[PDB]
Amino acid sequence: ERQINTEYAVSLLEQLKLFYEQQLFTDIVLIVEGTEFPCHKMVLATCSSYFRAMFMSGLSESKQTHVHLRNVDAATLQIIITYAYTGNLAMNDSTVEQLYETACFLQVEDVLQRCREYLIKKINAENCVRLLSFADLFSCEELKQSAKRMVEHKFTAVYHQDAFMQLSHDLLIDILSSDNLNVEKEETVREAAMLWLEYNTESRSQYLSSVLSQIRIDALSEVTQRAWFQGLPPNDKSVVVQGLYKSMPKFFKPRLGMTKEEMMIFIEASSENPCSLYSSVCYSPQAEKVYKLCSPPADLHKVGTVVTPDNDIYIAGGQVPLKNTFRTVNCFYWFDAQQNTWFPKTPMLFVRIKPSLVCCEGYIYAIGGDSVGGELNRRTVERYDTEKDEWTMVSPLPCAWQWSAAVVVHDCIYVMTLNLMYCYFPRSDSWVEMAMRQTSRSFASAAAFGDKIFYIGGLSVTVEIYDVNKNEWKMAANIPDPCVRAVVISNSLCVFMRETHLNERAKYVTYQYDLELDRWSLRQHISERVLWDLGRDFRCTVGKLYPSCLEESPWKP
Amino acid sequence: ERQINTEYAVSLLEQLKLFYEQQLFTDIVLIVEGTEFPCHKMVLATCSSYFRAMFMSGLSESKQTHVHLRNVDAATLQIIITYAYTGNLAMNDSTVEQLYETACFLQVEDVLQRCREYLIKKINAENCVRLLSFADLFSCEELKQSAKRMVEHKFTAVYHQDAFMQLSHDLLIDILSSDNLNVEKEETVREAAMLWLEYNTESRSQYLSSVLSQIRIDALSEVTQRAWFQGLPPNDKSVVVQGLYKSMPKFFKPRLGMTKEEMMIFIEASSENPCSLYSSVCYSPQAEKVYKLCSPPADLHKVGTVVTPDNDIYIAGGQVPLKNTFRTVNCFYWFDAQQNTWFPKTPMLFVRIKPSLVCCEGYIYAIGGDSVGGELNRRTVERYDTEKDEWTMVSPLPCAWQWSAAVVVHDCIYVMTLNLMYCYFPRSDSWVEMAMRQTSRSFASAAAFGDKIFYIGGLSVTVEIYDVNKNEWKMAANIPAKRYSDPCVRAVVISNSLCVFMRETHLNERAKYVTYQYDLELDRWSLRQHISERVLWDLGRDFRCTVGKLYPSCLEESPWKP
């Protein structure tokens, strides 16, 4: 059907807006705690699913011109009316709750979906349990699930949120009884359930018993009984009887968060499947297996990795082929530790090629990486805010460097280039000159192990160790065209190198390096029966993953 | 301004349409000769400028839900309402008059402008005086003016319309007193004014004075004066007195249509300013002057020309540079004989390169011209309708030819190629095989002079004359041209006499323009006139020539130093 809108629908909406702001042809007025809102019935019927029944049903409101609508905020109803009259919402970050409250009040489906998306995108660090209780009160399965997983991930690291105390039982039961608790130990959930019953007892003793049972035998074999003898109300006999029941039944099973194996995440591998360009796989140091990961964009490559102290994976920048009949994109992504997917985040402001992301003081710092190339000050850096979810410009780099590396030592930013090093102080937002290397090597990376930076490789086997407390560069030894990948494994400095000769196959083997010995002892030789060739542009980083969520990479020995 | 429409305005309009078709939330109903139209007041207020006052002014009609609106058609009001719930007008070609009438009654500006544009684009041949009286009834400056000029151009060739008889005086005065009458003689307007007052003699003797005076002294001859005298109602004395007054006063001046000089229209000339590539100029055979014309697209080139028997200029096809930071366009245009501009028309269906347009039986026939080709067949042709304003597909060419020429002789289509020729029968829509030339020459054109086709040039000076009644090709002579040169021949009819316009070019020599007079039985090109270089400059190589009548006052002379 022909529904042309060229200069017609916009003109109609502009005429309606003009009639609204001039108070013309209005036949209904909303009374909101003394505030008047003259409007029309047609717009309220086409926008809200409640006003259509308010103006159709032949009751009292039908003839009532002065309808007194209560339990609604003035500003929220005003923004809903102006959204109905112009189509633009222009929502902030503070009044989203009351907006959704009154949007669900009038079943206004479009603004409901808009606010639902805005809330599902903005579960950053703190409003998680709050918006989870919000979605529990206003049954919203979409928001409910994302918030559920978000809490399963972060709540099991703070378990002290002020909002977490005020939760309904069913929601707490769903949270605690789930097998998605990202906890490496079983006593933290026990004490967390405990403190949730240390603020409210006596009248709430039923909930106490329920959560106690939920904790299961794994955490029921603790001080739970003694703490209860201490806080139980007097003259309670059957309560001890029902508490003694919880010890032998109800399927004691292992949890999921304990499977936080410290593994080796790789990217841009040799797609086991021929013409496929690249793939992201993983390696297990202890399990001696090779797991795979899903490509974040599935077509874009040349990305940079970073791992926060909370074991989080991020991906920024990269280039994607234009697919006309490689363009650079500043998109951003984050790896899910359980869903084996990639949820995007706030993109960058500059399209970078192979950005070097560094985490420090809870902030992500992307140093260099072909920001735009044609900058007036070619040396610049853009940092990320993991809490506010925004990018903040900081003091630019002193000199323009290419194929550089950057690490973080002692809560400070350290970027390494051919021969120079600069310490970005995040507190004073300044760059202090550091020691210069006597050797000029590029195309190499550095590792931040302890309080020493180990710049390995370059063009080789150059081992130049730097210390922060000493501020000096020294050599240790030569590792016995190697592709070096220095990294931290089990609080012990190790390396992952691959050698390649003429008419010979590649071999993967990791060595154990000692500080005072200056020697790379043979730790483990990666057999080719489990791991195949990776390539040249592959990257390495240390991080904890889950074996059950991920899938093994099928490949013939 | 802060306002969107992406899936929010379209959704709102769809919800309004759903409420309308389901008869929901309706509070006003229109009664149109018994037919009911339940609708809303908001849409009628935002669409029409009359319904806003019908529903705003505190009145009995504002309160009445059963309003009885009269003097409006049911179908027109229905289409206006659906255009007020969908925006899709979907107007036909028949109900435009009543639709515009109802729109002017309801003061709906958007549909008014839409119908005004649709009417100003569709003044083809016949509804001219009708829609002119229509625009005189509903004051419409735009329609009024385009229709005025359209009548000044075509009315002065038929002067026998039935709607012309039914015209208001002021409109007839404006038409007749204007100096835009495209008439080569002054008696046609006189007899037209006569028959306008011959269907209403006696009854309308009041206008039989003003219209009589409008024709002026040029046609107020003693003969017609005395005729009207002996013809009037009896017992009329002062009427003869006021008629005798109209003979000596009121500024006898020459008209404009008489300046229909048979001139020589040209396209793609050597532009003077280096910022422009080509230009379209003209040449006067009798006045010995060089006039210019405005470029139809002002950037597109490689066009084809055609001249109807009614002296009309058309332009089809062509290529325009893409201006990225030559693409082919199937656009169409028409040259105004007085405004010195180009009004576009219905474009073609295929983007052609240098199309050959031929006029026959009132239809324009575009034969070949790279309509777009990439197969073994490809041979195709698209004809134009000057009356219905549309393109009609006909029997396609039998063989695929390039750099071909086509003319019209004895109301038949004749296209010429390297060596073959086919005659397309417009009555049966088929191609019949004709005679074959013994010489294989291309890159040449032909002229339709009388009952003989004169294929001149080709690669030269090949003069191959063909006759339709005889169906044979023969040679006549060789045009006298200087040796060591490459002549650019142009054959065209002028003053009912076959002539040629050729230019010779040598090495390290300048170009010379000269037209010769060719005789049929003599087989010789007598020196008719040598175009002096002091008035005409170089043209180029890809220039075209065609015969047509133009106006010197409307056009402008081309300034160039001798």
# chains A, B, ... in the order shown; residues from 1 in each chain; ligands from 1
$ residues_around --residues "residue 393 in chain A" --least-positions-apart "6" --cutoff "12 Å" --atoms "only C-alpha atoms" --output "number ranges by chain"
A: 348-350, 365-367, 380-385, 426, 429
$ write_last_selection --atoms "N, CA, C and O atoms" --output "compact mmCIF listing (two decimals), in the first residue's frame"
# COMPACT_ATOMS: atom_id res chain seq x y z
N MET A 348 34.78 3.52 19.76
CA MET A 348 35.78 4.57 19.90
C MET A 348 35.40 5.79 19.07
O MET A 348 34.38 5.81 18.37
N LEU A 349 36.24 6.82 19.14
CA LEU A 349 36.07 8.02 18.33
C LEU A 349 36.98 8.05 17.11
O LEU A 349 36.72 8.83 16.19
N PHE A 350 38.02 7.22 17.09
CA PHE A 350 38.95 7.16 15.97
C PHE A 350 39.11 5.71 15.53
O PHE A 350 39.23 4.81 16.37
N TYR A 365 43.16 1.78 28.73
CA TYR A 365 43.96 2.78 28.04
C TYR A 365 44.40 2.22 26.70
O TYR A 365 45.16 1.24 26.66
N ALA A 366 43.93 2.82 25.62
CA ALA A 366 44.31 2.43 24.26
C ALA A 366 45.40 3.38 23.77
O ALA A 366 45.12 4.54 23.47
N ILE A 367 46.62 2.88 23.69
CA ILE A 367 47.78 3.69 23.33
C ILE A 367 48.12 3.43 21.87
O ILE A 367 48.39 2.29 21.47
N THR A 380 48.84 10.64 19.84
CA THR A 380 47.70 10.85 20.78
C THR A 380 47.23 9.52 21.39
O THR A 380 47.58 8.47 20.82
N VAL A 381 46.44 9.58 22.47
CA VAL A 381 45.93 8.35 23.14
C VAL A 381 44.48 8.59 23.59
O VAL A 381 44.19 9.72 24.04
N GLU A 382 43.61 7.58 23.46
CA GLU A 382 42.21 7.71 23.95
C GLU A 382 41.96 6.62 25.01
O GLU A 382 42.21 5.44 24.70
N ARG A 383 41.50 7.01 26.20
CA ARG A 383 41.29 6.03 27.30
C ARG A 383 39.80 5.67 27.40
O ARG A 383 38.98 6.43 26.85
N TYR A 384 39.48 4.56 28.07
CA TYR A 384 38.10 4.14 28.22
C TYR A 384 37.73 4.09 29.70
O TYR A 384 38.58 3.85 30.56
N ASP A 385 36.45 4.33 29.98
CA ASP A 385 35.92 4.30 31.34
C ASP A 385 35.04 3.06 31.48
O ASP A 385 33.98 2.97 30.85
N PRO A 426 48.75 8.20 35.32
CA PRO A 426 47.32 8.43 35.14
C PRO A 426 46.79 9.49 36.12
O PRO A 426 45.87 10.19 35.77
N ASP A 429 48.13 12.85 34.88
CA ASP A 429 47.90 12.94 33.41
C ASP A 429 49.13 13.56 32.73
O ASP A 429 48.96 14.54 31.98
$ closest_atom_pairs --of "chain A" --to "chain B" --cutoff "7 Å" --atoms "only C-alpha atoms" --output "tab-separated table"
residue	atom	partner	partner_atom	distance
A:2	CA	B:88	CA	5.8
A:3	CA	B:86	CA	5.2
A:4	CA	B:87	CA	5.9
A:5	CA	B:87	CA	6.9
A:8	CA	B:87	CA	6.4
A:9	CA	B:9	CA	6.3
A:10	CA	B:5	CA	6.5
A:12	CA	B:46	CA	6.4
A:15	CA	B:46	CA	6.2
A:25	CA	B:56	CA	7.0
A:46	CA	B:15	CA	6.2
A:86	CA	B:3	CA	5.4
A:87	CA	B:4	CA	5.9
A:88	CA	B:3	CA	6.3
$ residues_around --residues "residue 307 in chain B" --least-positions-apart "3" --cutoff "9 Å" --atoms "only C-alpha atoms" --output "JSON, numbers by chain"
{"B": [310, 311, 312, 313, 314, 357, 358, 359, 546, 547, 548]}
$ write_last_selection --atoms "N, CA, C and O atoms" --output "mmCIF file, in the first residue's frame"
data_model
loop_
_atom_site.group_PDB
_atom_site.id
_atom_site.type_symbol
_atom_site.label_atom_id
_atom_site.label_comp_id
_atom_site.auth_asym_id
_atom_site.auth_seq_id
_atom_site.Cartn_x
_atom_site.Cartn_y
_atom_site.Cartn_z
ATOM 1 N N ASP B 310 4.605 21.207 -38.062
ATOM 2 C CA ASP B 310 4.125 22.389 -37.365
ATOM 3 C C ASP B 310 5.258 23.240 -36.802
ATOM 4 O O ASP B 310 5.003 24.110 -35.961
ATOM 5 N N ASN B 311 6.497 23.001 -37.242
ATOM 6 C CA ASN B 311 7.666 23.775 -36.824
ATOM 7 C C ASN B 311 7.864 23.713 -35.306
ATOM 8 O O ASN B 311 7.799 24.721 -34.599
ATOM 9 N N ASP B 312 8.108 22.501 -34.819
ATOM 10 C CA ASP B 312 8.407 22.256 -33.416
ATOM 11 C C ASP B 312 9.762 21.575 -33.297
ATOM 12 O O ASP B 312 10.120 20.733 -34.128
ATOM 13 N N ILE B 313 10.513 21.939 -32.260
ATOM 14 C CA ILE B 313 11.853 21.414 -32.024
ATOM 15 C C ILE B 313 11.803 20.490 -30.817
ATOM 16 O O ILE B 313 11.201 20.829 -29.789
ATOM 17 N N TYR B 314 12.434 19.324 -30.938
ATOM 18 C CA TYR B 314 12.490 18.348 -29.861
ATOM 19 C C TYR B 314 13.919 17.853 -29.693
ATOM 20 O O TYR B 314 14.734 17.908 -30.618
ATOM 21 N N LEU B 357 15.357 10.873 -34.458
ATOM 22 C CA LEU B 357 13.923 11.081 -34.312
ATOM 23 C C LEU B 357 13.318 11.477 -35.654
ATOM 24 O O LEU B 357 13.848 12.351 -36.346
ATOM 25 N N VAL B 358 12.214 10.830 -36.015
ATOM 26 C CA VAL B 358 11.524 11.078 -37.276
ATOM 27 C C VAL B 358 10.049 11.317 -36.985
ATOM 28 O O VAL B 358 9.429 10.573 -36.218
ATOM 29 N N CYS B 359 9.491 12.359 -37.598
ATOM 30 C CA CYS B 359 8.087 12.708 -37.427
ATOM 31 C C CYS B 359 7.286 12.211 -38.622
ATOM 32 O O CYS B 359 7.689 12.410 -39.773
ATOM 33 N N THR B 546 19.356 21.309 -39.154
ATOM 34 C CA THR B 546 17.946 21.039 -39.379
ATOM 35 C C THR B 546 17.250 22.348 -39.722
ATOM 36 O O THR B 546 17.702 23.426 -39.327
ATOM 37 N N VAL B 547 16.151 22.241 -40.462
ATOM 38 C CA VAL B 547 15.408 23.399 -40.949
ATOM 39 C C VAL B 547 14.229 23.661 -40.023
ATOM 40 O O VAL B 547 13.526 22.729 -39.608
ATOM 41 N N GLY B 548 14.019 24.933 -39.685
ATOM 42 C CA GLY B 548 12.922 25.309 -38.814
ATOM 43 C C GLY B 548 12.699 26.807 -38.744
ATOM 44 O O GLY B 548 13.621 27.592 -38.979
#
$ select_by_dssp --residues "range 205-255 of chain A" --states "helix (DSSP H, G or I)" --output "mmCIF file with N, CA, C and O atoms, in the first residue's frame"
data_model
loop_
_atom_site.group_PDB
_atom_site.id
_atom_site.type_symbol
_atom_site.label_atom_id
_atom_site.label_comp_id
_atom_site.auth_asym_id
_atom_site.auth_seq_id
_atom_site.Cartn_x
_atom_site.Cartn_y
_atom_site.Cartn_z
ATOM 1 N N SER A 205 12.561 -15.585 59.726
ATOM 2 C CA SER A 205 13.271 -16.867 59.991
ATOM 3 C C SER A 205 12.958 -17.902 58.902
ATOM 4 O O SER A 205 13.840 -18.729 58.611
ATOM 5 N N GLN A 206 11.750 -17.867 58.332
ATOM 6 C CA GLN A 206 11.397 -18.794 57.222
ATOM 7 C C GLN A 206 12.378 -18.574 56.066
ATOM 8 O O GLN A 206 12.977 -19.570 55.586
ATOM 9 N N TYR A 207 12.539 -17.316 55.643
ATOM 10 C CA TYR A 207 13.488 -16.993 54.546
ATOM 11 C C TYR A 207 14.890 -17.437 54.968
ATOM 12 O O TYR A 207 15.603 -18.031 54.130
ATOM 13 N N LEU A 208 15.263 -17.170 56.227
ATOM 14 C CA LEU A 208 16.585 -17.656 56.715
ATOM 15 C C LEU A 208 16.736 -19.146 56.380
ATOM 16 O O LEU A 208 17.667 -19.485 55.608
ATOM 17 N N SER A 209 15.839 -19.989 56.904
ATOM 18 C CA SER A 209 15.901 -21.457 56.670
ATOM 19 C C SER A 209 15.989 -21.764 55.172
ATOM 20 O O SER A 209 16.848 -22.575 54.790
ATOM 21 N N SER A 210 15.112 -21.159 54.366
ATOM 22 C CA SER A 210 15.105 -21.429 52.904
ATOM 23 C C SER A 210 16.496 -21.184 52.303
ATOM 24 O O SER A 210 17.019 -22.103 51.646
ATOM 25 N N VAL A 211 17.074 -19.998 52.524
ATOM 26 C CA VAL A 211 18.396 -19.664 51.907
ATOM 27 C C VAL A 211 19.465 -20.626 52.449
ATOM 28 O O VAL A 211 20.367 -21.061 51.656
ATOM 29 N N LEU A 212 19.377 -20.955 53.744
ATOM 30 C CA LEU A 212 20.325 -21.937 54.334
ATOM 31 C C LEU A 212 20.262 -23.226 53.509
ATOM 32 O O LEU A 212 21.312 -23.641 52.997
ATOM 33 N N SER A 213 19.073 -23.819 53.366
ATOM 34 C CA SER A 213 18.919 -25.038 52.528
ATOM 35 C C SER A 213 19.548 -24.797 51.153
ATOM 36 O O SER A 213 20.401 -25.604 50.751
ATOM 37 N N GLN A 214 19.141 -23.726 50.467
ATOM 38 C CA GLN A 214 19.680 -23.386 49.120
ATOM 39 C C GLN A 214 21.208 -23.526 49.054
ATOM 40 O O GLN A 214 21.672 -24.186 48.106
ATOM 41 N N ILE A 215 21.930 -22.964 50.031
ATOM 42 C CA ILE A 215 23.425 -23.010 50.047
ATOM 43 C C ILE A 215 23.900 -24.449 49.808
ATOM 44 O O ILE A 215 25.049 -24.598 49.340
ATOM 45 N N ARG A 216 23.065 -25.454 50.111
ATOM 46 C CA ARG A 216 23.385 -26.891 49.852
ATOM 47 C C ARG A 216 24.436 -27.432 50.830
ATOM 48 O O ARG A 216 25.057 -26.625 51.543
ATOM 49 N N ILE A 217 24.636 -28.755 50.844
ATOM 50 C CA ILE A 217 25.573 -29.395 51.819
ATOM 51 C C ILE A 217 26.995 -28.835 51.666
ATOM 52 O O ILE A 217 27.701 -28.759 52.692
ATOM 53 N N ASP A 218 27.390 -28.440 50.449
ATOM 54 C CA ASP A 218 28.772 -27.938 50.210
ATOM 55 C C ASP A 218 29.096 -26.822 51.208
ATOM 56 O O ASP A 218 30.223 -26.818 51.741
ATOM 57 N N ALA A 219 28.144 -25.916 51.449
ATOM 58 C CA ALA A 219 28.404 -24.765 52.345
ATOM 59 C C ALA A 219 27.601 -24.908 53.644
ATOM 60 O O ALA A 219 27.693 -24.002 54.494
ATOM 61 N N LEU A 220 26.856 -26.008 53.795
ATOM 62 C CA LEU A 220 26.084 -26.248 55.045
ATOM 63 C C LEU A 220 27.014 -26.850 56.103
ATOM 64 O O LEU A 220 26.660 -26.796 57.297
ATOM 65 N N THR A 224 27.397 -22.377 60.051
ATOM 66 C CA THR A 224 25.947 -22.083 59.883
ATOM 67 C C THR A 224 25.156 -22.482 61.135
ATOM 68 O O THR A 224 24.295 -21.683 61.553
ATOM 69 N N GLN A 225 25.433 -23.658 61.709
ATOM 70 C CA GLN A 225 24.651 -24.150 62.875
ATOM 71 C C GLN A 225 24.954 -23.289 64.106
ATOM 72 O O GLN A 225 23.998 -22.887 64.772
ATOM 73 N N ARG A 226 26.234 -23.026 64.386
ATOM 74 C CA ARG A 226 26.629 -22.224 65.576
ATOM 75 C C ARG A 226 26.098 -20.792 65.452
ATOM 76 O O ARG A 226 25.567 -20.260 66.456
ATOM 77 N N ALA A 227 26.235 -20.185 64.266
ATOM 78 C CA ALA A 227 25.727 -18.806 64.059
ATOM 79 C C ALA A 227 24.220 -18.785 64.340
ATOM 80 O O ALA A 227 23.728 -17.794 64.934
ATOM 81 N N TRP A 228 23.523 -19.850 63.941
ATOM 82 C CA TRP A 228 22.053 -19.913 64.142
ATOM 83 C C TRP A 228 21.728 -20.107 65.622
ATOM 84 O O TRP A 228 20.802 -19.445 66.090
ATOM 85 N N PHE A 229 22.471 -20.963 66.327
ATOM 86 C CA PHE A 229 22.274 -21.116 67.792
ATOM 87 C C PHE A 229 22.458 -19.740 68.436
ATOM 88 O O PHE A 229 21.755 -19.437 69.416
ATOM 89 N N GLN A 230 23.367 -18.934 67.877
ATOM 90 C CA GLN A 230 23.620 -17.572 68.420
ATOM 91 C C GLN A 230 22.437 -16.630 68.145
ATOM 92 O O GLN A 230 22.010 -15.953 69.106
ATOM 93 N N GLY A 231 21.900 -16.587 66.915
ATOM 94 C CA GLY A 231 20.852 -15.579 66.615
ATOM 95 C C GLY A 231 19.397 -16.044 66.591
ATOM 96 O O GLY A 231 18.520 -15.168 66.355
ATOM 97 N N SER A 238 11.084 -26.754 66.612
ATOM 98 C CA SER A 238 10.927 -27.371 65.300
ATOM 99 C C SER A 238 11.859 -26.751 64.267
ATOM 100 O O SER A 238 12.166 -27.386 63.250
ATOM 101 N N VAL A 239 12.315 -25.520 64.506
ATOM 102 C CA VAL A 239 13.232 -24.881 63.570
ATOM 103 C C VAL A 239 14.575 -25.599 63.561
ATOM 104 O O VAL A 239 15.170 -25.820 62.499
ATOM 105 N N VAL A 240 15.069 -25.988 64.741
ATOM 106 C CA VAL A 240 16.300 -26.770 64.804
ATOM 107 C C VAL A 240 16.099 -28.125 64.128
ATOM 108 O O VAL A 240 17.015 -28.661 63.494
ATOM 109 N N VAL A 241 14.893 -28.683 64.241
ATOM 110 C CA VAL A 241 14.607 -29.974 63.624
ATOM 111 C C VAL A 241 14.659 -29.864 62.103
ATOM 112 O O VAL A 241 15.258 -30.708 61.425
ATOM 113 N N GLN A 242 14.038 -28.822 61.546
ATOM 114 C CA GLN A 242 14.064 -28.657 60.096
ATOM 115 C C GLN A 242 15.443 -28.233 59.604
ATOM 116 O O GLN A 242 15.791 -28.491 58.447
ATOM 117 N N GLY A 243 16.239 -27.589 60.460
ATOM 118 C CA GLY A 243 17.602 -27.264 60.076
ATOM 119 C C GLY A 243 18.512 -28.478 60.073
ATOM 120 O O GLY A 243 19.437 -28.568 59.262
ATOM 121 N N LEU A 244 18.259 -29.427 60.976
ATOM 122 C CA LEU A 244 19.058 -30.648 61.013
ATOM 123 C C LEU A 244 18.798 -31.532 59.798
ATOM 124 O O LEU A 244 19.635 -32.371 59.452
ATOM 125 N N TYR A 245 17.626 -31.353 59.183
ATOM 126 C CA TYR A 245 17.270 -32.145 57.978
ATOM 127 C C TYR A 245 18.235 -31.767 56.852
ATOM 128 O O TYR A 245 18.651 -32.664 56.098
#
$ atom_distance --atom1 "CA of residue 431 in chain B" --atom2 "CA of residue 302 in chain B"
27.5 Å
$ residues_around --residues "residue 550 in chain B" --least-positions-apart "2" --cutoff "9 Å" --atoms "only C-alpha atoms" --output "VMD selection string"
chain B and resid 259 to 265 311 337 to 338 548 552 554 to 555
$ residues_around --residues "range 185-191 of chain B" --least-positions-apart "2" --cutoff "12 Å" --atoms "only C-alpha atoms" --output "NGL selection string"
:B and (152 or 155-160 or 172 or 175-183 or 193-198 or 211-221 or 224-225 or 253-260)
$ closest_residue --among "A:270, A:23, A:166, A:341" --to "residue 549 in chain A" --atoms "only C-alpha atoms"
A:341
$ select_by_dssp --residues "range 266-438 of chain B" --states "strand (DSSP E)" --output "PyMOL selection string"
chain B and resi 266-267+269-270+278-283+290-293+304-307+313-316+319-320+327-328+332-335+342-344+356-360+363-367+381-385+390-393+405-408+413-416+421-425+430-433
$ residues_around --residues "residue 441 in chain B" --least-positions-apart "6" --cutoff "9 Å" --atoms "only C-alpha atoms" --output "short mmCIF file (atom, residue, chain, number, x, y, z; two decimals) with N, CA and C atoms, in the first residue's frame"
data_model
loop_
_atom_site.label_atom_id
_atom_site.label_comp_id
_atom_site.auth_asym_id
_atom_site.auth_seq_id
_atom_site.Cartn_x
_atom_site.Cartn_y
_atom_site.Cartn_z
N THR B 417 21.09 3.03 -44.03
CA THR B 417 22.31 2.55 -43.39
C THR B 417 23.41 2.46 -44.45
N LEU B 418 24.48 1.75 -44.12
CA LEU B 418 25.62 1.56 -45.03
C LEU B 418 25.19 1.25 -46.46
N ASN B 419 24.42 0.18 -46.65
CA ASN B 419 23.97 -0.19 -47.98
C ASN B 419 22.50 -0.58 -48.08
N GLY B 457 27.23 12.28 -49.00
CA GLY B 457 28.39 12.01 -48.18
C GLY B 457 28.53 10.55 -47.81
N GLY B 458 29.59 10.27 -47.06
CA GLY B 458 29.87 8.93 -46.59
C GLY B 458 31.33 8.54 -46.80
N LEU B 459 31.82 7.68 -45.92
CA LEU B 459 33.20 7.21 -46.00
C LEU B 459 33.33 5.78 -45.50
N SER B 460 32.34 11.35 -48.02
CA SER B 460 32.89 11.87 -49.27
C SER B 460 31.89 12.78 -49.98
N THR B 462 29.65 11.44 -52.36
CA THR B 462 28.75 10.52 -53.03
C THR B 462 27.34 11.10 -53.05
#
$ residues_around --residues "residue 118 in chain B" --least-positions-apart "2" --cutoff "12 Å" --atoms "only C-alpha atoms" --output "ChimeraX atom specification"
/B:89-97,99-100,111-116,120-124,131,142-143
$ closest_residue --among "A:290, A:173, A:31, A:359" --to "residue 533 in chain A" --atoms "only C-alpha atoms"
A:290
